[PDB]
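**Student:** The structure that follows is given in the form of structure tokens.
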Amino acid sequence: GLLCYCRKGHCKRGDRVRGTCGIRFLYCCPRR
């Protein structure tokens, strides 16, 4: 998906990392 989301720990096993989101949260974009 074009829309990226925030996720704790790390991105989904297949997503694309963008950067950091917050305390123990990373900003990534969904594979599908």
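In the structure tokens, each chain is lettered A, B, ... as it comes, each chain's residues begin at 1, and ligands are numbered from 1 in order of appearance.
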Skip residue 21 of chain A itself and residues of its chain fewer than 3 positions away, then list as a PyMOL selection string all residues within 10 Å of it, counting only C-alpha atoms.

**Tutor:** chain A and resi 5-8+10+18+24-28

**Student:** Output N, CA and C atoms of each residue in that selection to a file, as a PDB file, in the first residue's frame.

**Tutor:**
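After the write, out.pdb holds the following:
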```
ATOM      1  N   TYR A   5       2.316   3.254   7.642  1.00  0.00           N
ATOM      2  CA  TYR A   5       1.788   3.326   8.989  1.00  0.00           C
ATOM      3  C   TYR A   5       2.882   3.152  10.036  1.00  0.00           C
ATOM      4  N   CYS A   6       2.528   3.507  11.250  1.00  0.00           N
ATOM      5  CA  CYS A   6       3.413   3.406  12.400  1.00  0.00           C
ATOM      6  C   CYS A   6       3.244   2.036  13.051  1.00  0.00           C
ATOM      7  N   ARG A   7       4.334   1.439  13.521  1.00  0.00           N
ATOM      8  CA  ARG A   7       4.250   0.129  14.147  1.00  0.00           C
ATOM      9  C   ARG A   7       5.346  -0.056  15.186  1.00  0.00           C
ATOM     10  N   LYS A   8       4.961  -0.551  16.351  1.00  0.00           N
ATOM     11  CA  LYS A   8       5.900  -0.781  17.439  1.00  0.00           C
ATOM     12  C   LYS A   8       6.803  -1.978  17.154  1.00  0.00           C
ATOM     13  N   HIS A  10       9.004  -2.994  15.065  1.00  0.00           N
ATOM     14  CA  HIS A  10       9.566  -2.890  13.719  1.00  0.00           C
ATOM     15  C   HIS A  10       8.486  -3.138  12.674  1.00  0.00           C
ATOM     16  N   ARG A  18      10.598   3.078   6.556  1.00  0.00           N
ATOM     17  CA  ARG A  18      10.756   4.474   6.175  1.00  0.00           C
ATOM     18  C   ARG A  18      11.666   5.164   7.170  1.00  0.00           C
ATOM     19  N   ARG A  24      10.178   3.256  20.456  1.00  0.00           N
ATOM     20  CA  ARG A  24      10.078   1.846  20.086  1.00  0.00           C
ATOM     21  C   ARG A  24       9.049   1.624  18.973  1.00  0.00           C
ATOM     22  N   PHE A  25       8.832   2.644  18.144  1.00  0.00           N
ATOM     23  CA  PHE A  25       7.907   2.537  17.021  1.00  0.00           C
ATOM     24  C   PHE A  25       8.627   2.945  15.752  1.00  0.00           C
ATOM     25  N   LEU A  26       8.387   2.218  14.683  1.00  0.00           N
ATOM     26  CA  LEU A  26       9.008   2.510  13.406  1.00  0.00           C
ATOM     27  C   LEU A  26       7.951   2.856  12.374  1.00  0.00           C
ATOM     28  N   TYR A  27       8.337   3.676  11.421  1.00  0.00           N
ATOM     29  CA  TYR A  27       7.447   4.080  10.350  1.00  0.00           C
ATOM     30  C   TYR A  27       7.743   3.217   9.133  1.00  0.00           C
ATOM     31  N   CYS A  28       6.748   2.463   8.678  1.00  0.00           N
ATOM     32  CA  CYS A  28       6.928   1.567   7.541  1.00  0.00           C
ATOM     33  C   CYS A  28       5.694   1.551   6.648  1.00  0.00           C
TER      34      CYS A  28
END
```

**Student:** Using DSSP on the backbone coordinates, identify all residues within chain A classified as strand (DSSP E); present the result as a list in words.

**Tutor:** residues 5, 6, 7, 8, 16, 17, 18, 19, 20, 21, 22, 25, 26, 27, 28 and 29 of chain A

**Student:** Which residues are near residue 2 of chain A? Cut-off 12 Å, only C-alpha atoms, ignore same chain within fewer than 4 positions. Put them as a PDB file with N, CA, C and O atoms, in the first residue's frame.

**Tutor:**
```
ATOM      1  N   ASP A  15       7.239  -5.742   4.909  1.00  0.00           N
ATOM      2  CA  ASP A  15       6.983  -4.325   4.648  1.00  0.00           C
ATOM      3  C   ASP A  15       8.247  -3.583   4.233  1.00  0.00           C
ATOM      4  O   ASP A  15       9.306  -4.178   4.034  1.00  0.00           O
ATOM      5  N   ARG A  16       8.121  -2.271   4.117  1.00  0.00           N
ATOM      6  CA  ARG A  16       9.236  -1.415   3.737  1.00  0.00           C
ATOM      7  C   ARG A  16       9.423  -0.341   4.798  1.00  0.00           C
ATOM      8  O   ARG A  16       8.493   0.413   5.086  1.00  0.00           O
ATOM      9  N   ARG A  18      10.598   3.078   6.556  1.00  0.00           N
ATOM     10  CA  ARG A  18      10.756   4.474   6.175  1.00  0.00           C
ATOM     11  C   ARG A  18      11.666   5.164   7.170  1.00  0.00           C
ATOM     12  O   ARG A  18      12.554   5.928   6.803  1.00  0.00           O
ATOM     13  N   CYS A  28       6.748   2.463   8.678  1.00  0.00           N
ATOM     14  CA  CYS A  28       6.928   1.567   7.541  1.00  0.00           C
ATOM     15  C   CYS A  28       5.694   1.551   6.648  1.00  0.00           C
ATOM     16  O   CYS A  28       4.629   2.024   7.033  1.00  0.00           O
ATOM     17  N   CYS A  29       5.846   0.997   5.457  1.00  0.00           N
ATOM     18  CA  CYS A  29       4.749   0.906   4.504  1.00  0.00           C
ATOM     19  C   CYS A  29       4.454  -0.559   4.193  1.00  0.00           C
ATOM     20  O   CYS A  29       5.374  -1.336   3.921  1.00  0.00           O
ATOM     21  N   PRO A  30       3.172  -0.952   4.244  1.00  0.00           N
ATOM     22  CA  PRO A  30       2.735  -2.334   3.991  1.00  0.00           C
ATOM     23  C   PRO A  30       3.119  -2.850   2.606  1.00  0.00           C
ATOM     24  O   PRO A  30       3.019  -2.125   1.605  1.00  0.00           O
ATOM     25  N   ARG A  31       3.559  -4.107   2.559  1.00  0.00           N
ATOM     26  CA  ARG A  31       3.961  -4.748   1.310  1.00  0.00           C
ATOM     27  C   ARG A  31       2.816  -4.716   0.302  1.00  0.00           C
ATOM     28  O   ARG A  31       2.959  -4.157  -0.788  1.00  0.00           O
ATOM     29  N   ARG A  32       1.688  -5.298   0.685  1.00  0.00           N
ATOM     30  CA  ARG A  32       0.511  -5.329  -0.167  1.00  0.00           C
ATOM     31  C   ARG A  32      -0.194  -3.984  -0.123  1.00  0.00           C
ATOM     32  O   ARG A  32      -0.228  -3.373   0.962  1.00  0.00           O
TER      33      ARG A  32
END
```
